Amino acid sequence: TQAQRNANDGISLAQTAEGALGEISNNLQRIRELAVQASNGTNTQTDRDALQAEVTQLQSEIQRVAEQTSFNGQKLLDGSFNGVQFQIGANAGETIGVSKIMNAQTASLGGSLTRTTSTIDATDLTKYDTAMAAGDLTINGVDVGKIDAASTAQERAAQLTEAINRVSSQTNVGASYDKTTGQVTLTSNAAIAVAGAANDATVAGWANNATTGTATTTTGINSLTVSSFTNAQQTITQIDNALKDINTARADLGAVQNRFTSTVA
């Protein structure tokens, strides 16, 4: 009958959303495994960079499923799906519906996070070639050790990222160097305490300051990285929140599917 055909479509739409959410969830699990790997402190910066490469392709796959998943031309997983009703009964207004579906876009997954971040431009490292010795920069009281004496600002930015990230898992401060913006960002769950013998942001990126960083709030997994131990630990936490959301979106889609199947029958 027509009611039956209406409700079957409600079924296929639910099944379509639920499948695509399962896809997203499996890619989230893959990112999470990569973040666990990135939280192996023996990793080099270059190791974490290659992990991040994989992380961004997985993020790219989640984002396209989130933005493309559709049923008969309605996007299901981009936040635009506010629910739909289907005429089932003998009179008008006798409907069953599918409820609204979560925004599964990477800018949304996992909800919100506030952390401390401090960002510098590599441009500002105008003494990239004043060598740093052991004790010149400390992060939360932890010596990041000696650094040669660099040849481009960029190189000092990369050396700093590396130095800092070697002690990341002890200081709870991790660095992330974006070669697109030319920026190195420190992130932490608290103020970053910068000290040492150099006291020159022009050599060491950051000058002495017990309260380095600004509290910053993000939503989703798309600004998160596995560039350091600290970054990766944020990534795991954020992804556990996303997985919890998807788990309940899919239970809910399971339920409505059941309800429609029982209605048709």
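Numbering starts at 1 and follows the sequence shown.
Comparing the deposited coordinates for 252 to 260 and 13 to 21, the stretch with the larger average C-alpha B-factor is 252 to 260. Just going by the entry, 45 to 53 versus 214 to 222 on mean CA temperature factor gives the higher value to 214 to 222.
Within the group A107, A195, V173, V84, the record's highest C-alpha temperature factor is found at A195. Listed residues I101, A150, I164, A190 were ranked by CA B-factor as deposited; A150 comes out on top.
In the PDB entry, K75 places in the middle third of its chain by CA B-factor. Annotation for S169: C-alpha temperature factor in the lowest third relative to the rest of the modelled chain, per the entry.
Among the modelled residues of the chain, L186 sits in the lowest third by CA temperature factor in this PDB entry. In this PDB entry, the Cα temperature factor of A66 sits in the bottom third of its chain's modelled residues, the lowest group. Ranked by C-alpha B-factor against the other modelled residues of its chain, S118 falls in the lowest third.
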